[PDB]
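Contents: one structure, followed by commentary.
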Amino acid sequence: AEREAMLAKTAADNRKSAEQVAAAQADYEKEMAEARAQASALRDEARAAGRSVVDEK
Amino acid sequence: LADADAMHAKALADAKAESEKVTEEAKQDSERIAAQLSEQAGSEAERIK
Amino acid sequence: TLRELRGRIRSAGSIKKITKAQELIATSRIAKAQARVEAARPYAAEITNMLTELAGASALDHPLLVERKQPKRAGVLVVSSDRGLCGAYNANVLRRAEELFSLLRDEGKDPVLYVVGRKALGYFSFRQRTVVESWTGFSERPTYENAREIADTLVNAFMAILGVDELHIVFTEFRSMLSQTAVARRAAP
Amino acid sequence: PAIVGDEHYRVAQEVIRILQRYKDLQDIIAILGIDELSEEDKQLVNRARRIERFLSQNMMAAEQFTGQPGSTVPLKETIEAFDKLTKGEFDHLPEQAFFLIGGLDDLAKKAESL
Amino acid sequence: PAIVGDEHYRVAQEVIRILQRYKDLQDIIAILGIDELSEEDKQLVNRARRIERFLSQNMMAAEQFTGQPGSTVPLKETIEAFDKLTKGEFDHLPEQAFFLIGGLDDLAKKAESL
Amino acid sequence: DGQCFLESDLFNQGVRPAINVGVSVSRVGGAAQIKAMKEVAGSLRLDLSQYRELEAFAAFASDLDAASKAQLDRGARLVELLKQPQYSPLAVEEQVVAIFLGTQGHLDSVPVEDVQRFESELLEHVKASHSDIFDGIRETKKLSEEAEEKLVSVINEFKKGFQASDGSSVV
Amino acid sequence: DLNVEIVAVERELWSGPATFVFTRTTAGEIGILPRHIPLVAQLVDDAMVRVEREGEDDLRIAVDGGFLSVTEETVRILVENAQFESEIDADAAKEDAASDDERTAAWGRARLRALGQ
Amino acid sequence: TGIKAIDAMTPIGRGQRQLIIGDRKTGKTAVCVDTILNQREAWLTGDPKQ
Ligand SMILES: Nc1ncnc2c1ncn2[C@@H]1O[C@H](COP(=O)(O)OP(=O)(O)OP(=O)(O)O)[C@@H](O)[C@H]1O
Ligand SMILES: [Mg+2]
């Protein structure tokens, strides 16, 4: 029973091995894109505020 | 699964740190954009006056 | 000069009407042809499945599955339209056929022509290249009988009769409405 | 032919024949494109376009506008070039190869460039 | 986009684009039938039908005939209504609901009536 | 001494100014243009005329060579780059940088839908953060090698922090 | 019950369920009803197919050199050309059966067999 | 002139006659007005050579 269980465990293990390695790059790219998006949103809202102060003044 | 785990943790931590760096650079750029637009607003108000 | 200009205006208007009608008719026939392409897909899928099974059980020694030890002749079935007004269709197909001929000659094989559609016959006749056998009158609306005839001819030429040590089919893949591409598939071996 | 020689006259008149045939097809080219023409006329249209663009030359007076130095083509070279081009020996090169190139050596150089 | 508001220009240009596509598809509709269109084209045709019939209005000049008092639709209301139309927020109403109505209030009332 | 032929066909379809690059020309120009503009926009007129000619061929051809596609993309990006609002005259150095973006290929990674915004945002960033480039261009009328390298570095840095309208990165 | 898909090279002619199928493979006649072992068998050049529908009478089909196949989920009959018995022209089949060509005679004989001859 | 297209493809030098030619409502008076407006940066210099 334990032998079969170990087979199964090592299987899921190498599965996660390929996976987690793929997901590391995937999540790094995801967080990097989110950071770029927050940066762009900050620049865009700052530009909007600048144009708003231009309009108001 | 230990290393992949180590690599994923390192990727998350490095992504968070470099995202903080990206956001700091973007905040500085936002500040400079706001300063430029405020200076332009002042110049336009001066010309209108 | 004004009379000539007005006559040309009338001529161009008539041509515009005819071309617009042809465009709409082609729009209808594109849907018809795509529906007919999809209608044949189940047969192809099922016959491919059982052919895979038989190959799994077969000896895999049929002549269609083994290359000739010294290949000399490679038949080419160039599928082309039988009527004009198709833009670069025929030009693309025949340019790809010429590319295939150059590839064959660089590899030491001699291409022999089988042609479908009158435009390809004209193109090859102008270039003094002979065609063993050619069919016409069904590129606008093919039927399985014509495909059966072409396949019988090609297979018999492959079994041979001077015969051919290879055979390719050069035709236009209908990848999408916006794009079509001239391709060549080695149909045997 | 009595003044410029037989070869020059023959080349010039063959070029004119090709260009006139190209002009005669202008309406069909404009409407349906070169695709509808017969092969004997499609080849002629291709080499007619190549002859028309090869008659262009990078004039020395044009340096101030484009920056390329101007080229001078001796008569023998142009006669030979157009004799070759009308016969179709260059109809495998792209059209842009002949555009503002001014000679056979420059033609091959620019064909390599493309 | 200078004399009229930027939102006004965007809405007007979107309506014009939709109507232009609809007029381009008139040729296919009147010959091959409405069924031949794609799902996107069918959606755009319904939207264009509703936009085009919504440009109609119960003109005051018609009050003498029907007794219905004419409608003056403020520019802002027209802009918002056509922004909704181009966005498809009223694509589920019958076409007859858009005939001879001034503004979204009359649109809603006629929709309820039908 | 030359004509700027504004075409109604281009004007009515968003291309404003509607300069017909094929027919429009300046005989006496070239000598009057400052050195930096002559360097960056040396072949811009010929490139745009060739792209306009090629657009008709590619408007219906199913496919074309790699050169044809590259020329079509470059010409589309250049046309979007030259598109300009009204009563918004750019100084000569800003023009130099904007044309440098396109003629040197830096826009090839930016989609057509965002060339205008990319150019405007980069000009704002260069004025706010790297005015040394504009100062050099204005003062010496030439885009020096060091200035060109700094501008390329700034363009690459900015493309990291820019979104296409589709959300994808433009690097 | 069987899921019988009768597919012509041009179209998917028929895909209705059936309780039983009968046809002459080149090696003999075969009668198939559900859970039959997986099979693939060429039909005789003049063969005809019977499908006993769960509803009304069984359909008789003239089949031109088709391949029958059976798998736990479906029963396929891949045919160059297939005709329902109601679509058979008796005079045309009679004329074809008298034809000298082997293929034409086989097709006519198949049509006659499907019709009821 | 302050316009990217003209200052890049068809530069106008001082002493030149540059014909702005086009149909009605093609932006001819918006290219010459922009040119005039763009000269203010030079005007404020106070240098008659500019
Ligand atoms: N670059 C531009 N971007 C957007 N709109 C523009 C641009 N240039 C001009 N326009 C618009 O073009 C409209 C008409 O152009 P303009 O008045 O300059 O043309 P024109 O040649 O002087 O016309 P006309 O003499 O026939 O009245 C102007 O209202 C302006 O809104
Ligand atoms: Mg005007």
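Going from the start of the chain as shown, residues are counted 1 onward.
Going by what the header records, the deposited coordinates were determined by electron microscopy, 2.9 Å.
Yeah, the Cβs are placed from backbone N, Cα and C, and that goes for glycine too.
Summarising the annotation, Swiss-Prot assigns ATP binding site to H:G22, H:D23, H:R24, H:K25, H:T26, H:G27, H:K28, H:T29 and lists sequence analysis as the type of evidence. Sequence-distant neighbours of H:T26 (ATP binding site) (same chain, six or more apart, CB under 8 Å from its CB) are absent. According to its DSSP assignment, H:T26 (ATP binding site) is coil.
It is H:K28 that, of the binding-site residues H:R24, H:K25, H:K28, has its Cβ surrounded by the most other Cβ atoms within 10 Å. Each of the binding-site residues H:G22, H:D23 was scored by how many other Cβ atoms lie within 10 Å of its Cβ, and the smallest score goes to H:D23. Taking a Cβ distance under 6 Å to any atom of ligand 2 as the criterion, the binding-site residues H:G22, H:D23, H:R24, H:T26, H:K28, H:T29 reduce to H:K28, H:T29. With a 10 A radius on its CB, H:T29 (ATP binding site) counts 10 other CB atoms from all the protein chains. Taking a C-beta cut-off of under 8 angstroms and a sequence separation of 6 or more, H:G27 (ATP binding site) has no same-chain neighbours.
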